[PDB]
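Just one chain follows, in the form deposited in one PDB entry, and it is written as structure tokens.
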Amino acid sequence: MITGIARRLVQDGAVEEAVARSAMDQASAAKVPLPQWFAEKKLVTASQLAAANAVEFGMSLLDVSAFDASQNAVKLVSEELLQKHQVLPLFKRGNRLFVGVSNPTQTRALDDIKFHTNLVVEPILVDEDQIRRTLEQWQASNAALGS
């Protein structure tokens, strides 16, 4: 029976019932979390998977195309970490750094940033497409400042 984000993707109309079952059974056989499997296999669009992830995982979701690039916090995360992981550092508030992730089940990436920054790291969902494009966009805007 169809549970988790697989069920939510059905209720959202993003995927067929039998495809959701087959994905779910496959992920279970691989011992891989459902959102990771769905992203890897591209069963639905990134924004659809982000939408189902947000409601089922209880997480906030940001359209970063409306974020003011000039307020990004990319420079708090080293170039190495930004290629090791596929995350989009967003914005700092006090001892908190909000980090865009597209997989609700990142741990290494958030913990690495936690150790590198000595900040408290809060994940915010951002769909996988936007993280790819926007990180590059924001690196270009940061570079225009110099260095």
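Residues that one form lacks are left out of the comparison. If you superpose the two forms and keep the largest set of C-alpha atoms that fall within 1.5 Å, you have the rigid core. Position 1 is the first residue in the sequence shown; the rest follow in order.
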Quiz item: If you average the CA temperature factors over each stretch, which comes out higher, 46-54 or 75-83?
Solution: 75-83
Quiz item: Going by the B-factors listed in the PDB entry, is the mean over the C-alpha atoms higher for 119-127 or for 8-16?
Solution: 8-16
Exercise. Quick one: which of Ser102, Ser65, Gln36, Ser60 shows the highest Cα temperature factor in the PDB entry?
Key: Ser65
Exercise. Comparing against every modelled residue in the chain, figure out the third that the C-alpha B-factor of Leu90 lands in (lowest, middle or highest).
Key: lowest
Quiz prompt | Lowest, middle or highest third - CA B-factor, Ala30 | solution = middle
Quiz item: With respect to C-alpha B-factor, does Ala109 fall in the lowest, middle or highest third of the chain as deposited?
Solution: highest
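The protein also exists as the form deposited in another entry; that form is not presented, and the subsequent description refers to it.
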Quiz item: Tell me, which of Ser78, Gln26, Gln86, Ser47 is the one whose C-alpha shifts by at least 2 Å between this form and the one not shown, with the rigid core superposed?
Solution: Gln26
Quiz item: Are there runs of at least three residues between this form and the one not shown whose C-alphas all move 2 Å or more relative to the rigid core, and where are they?
Solution: 25-33
